[PDB]
Amino acid sequence: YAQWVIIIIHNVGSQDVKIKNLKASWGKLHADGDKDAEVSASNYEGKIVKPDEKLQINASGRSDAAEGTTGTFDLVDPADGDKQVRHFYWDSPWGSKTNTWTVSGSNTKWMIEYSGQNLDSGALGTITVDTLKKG
Ligand code: NA
């Protein structure tokens with residue numbers, strides 16, 4: 001449980017954004033403040049984050065294995081036929097390997113800002129992702 005991430009998507013613009021394809025390849029997804037309460041990625045599939053709302057994802061390594069947390073998701077634009085906005089990848093591996101947080105993709109109608117990631121040894125930490133559809 002030393003390897004964990006909290007990802008907070010904050011819609012700071014005026015247009016809805018949508019999450020799809022959340023998947024942890026290592027570790028689990030869990031409820032806020034509750035690593036023992038696992039949650040399904042399907043609870044997030046297609047969820048809309050409205051203006052000024054936040055959506056929180058919590059992921060951690062396994063309780064009974066030397067396994068960190070790794071995963072991906074996409075943000076898409078529900079006003080534009082779920083057009084891809086950005087792809088996201090996280091990795092907080094068990095052991096000495098540094099952490100990774102990677103945002104990728106091109107959709108010039110959107111601005112995406114993130115901060116909080118710990119790229120050194122230890123947990124990736126709490127990453128806030130602000131989203132804004134440009135006017
Ligand atoms: Na690590």
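Along the sequence shown, residues are numbered consecutively beginning with 1.
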**Message:** Is it the case that the side chain of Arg62 and the backbone of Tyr1 share a donor-acceptor pair, with hydrogens and angles ignored and the cut-off at 3.5 Å?
**Reply:** no

**Request:** Determine, for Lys18 against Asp77, whether the closest basic-nitrogen to carboxylate-oxygen distance falls under 4.0 angstrom.
**Result:** no

**Prompt:** Side chains of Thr69 and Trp90: donor-acceptor distance under 3.5 Å anywhere?
**Reply:** yes

**Message:** For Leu22 and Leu29: C-alpha separation, side-chain torsions, deciding distance, then whether side chain to side chain contact (heavy atoms under 4.5 Å, CB included) applies.
**Reply:** CA-CA 10 Å; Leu22 179 60; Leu29 304 176; 3.8 Å; yes

**Complete:** Closest heavy-atom pair, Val129 versus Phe88, reported as atoms and distance to 0.1 Å, is CG1-CE2, 4.0 Å

**Request:** Provide the closest heavy-atom pair for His30 versus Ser60 in the form atom of the first, atom of the second, distance.
**Result:** CD2-OG, 3.5 Å

**Asked** Say you draw a straight line from CD1 of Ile19 to CG of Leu55; how long is it, rounded to the nearest 0.5 Å?
**Response** 5.5 Å

**Prompt:** Under 6.0 Å from the CD atom of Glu53, do we count more than 12 heavy atoms belonging to anything else shown?
**Reply:** yes

**Prompt:** Between the side chains of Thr102 and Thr100, is a donor N or O closer than 3.5 angstrom to an acceptor N or O?
**Reply:** no

**Prompt:** Step by step, would you call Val5 with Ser92 a side chain to side chain contact (heavy atoms under 4.5 Å, CB included)?
**Reply:** CA-CA 8 Å; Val5 66; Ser92 189; 5.6 Å; no

**Asked** When you look at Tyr114 and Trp101, which way does the side chain to side chain contact (heavy atoms under 4.5 Å, CB included) test go after all the steps?
**Response** CA-CA 10 Å; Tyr114 63 84; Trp101 169 251; 3.3 Å; yes

**Prompt:** Counting distance only, does the side-chain N/O of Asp80 pair as donor-acceptor with the main-chain N or O of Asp82 below 3.5 Å?
**Reply:** no

**Prompt:** Do side-chain atoms of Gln15 reach the backbone of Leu132 as a donor and acceptor pair under 3.5 angstrom?
**Reply:** no

**Request:** Determine yes or no for a side-chain-to-main-chain donor-acceptor pair under 3.5 angstrom, with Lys133 supplying the side chain and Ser14 the backbone.
**Result:** no

**Request:** Please check if the side chain of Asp130 supplies one atom and the backbone of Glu113 the other of a donor-acceptor pair under 3.5 Å.
**Result:** no

**Item:** Between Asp74 and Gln84, a side-chain donor and acceptor under 3.5 Å
**Value:** yes

**Asked** Are the side chain of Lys28 and the backbone of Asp36 linked by a donor-acceptor contact shorter than 3.5 Å?
**Response** no

**Prompt:** Quick one: do the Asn11 and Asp52 side chains pair a donor with an acceptor below 3.5 Å?
**Reply:** no

**Asked** So, does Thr70 use its side chain to make a donor-acceptor pair with the main chain of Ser25 at under 3.5 Å?
**Response** no

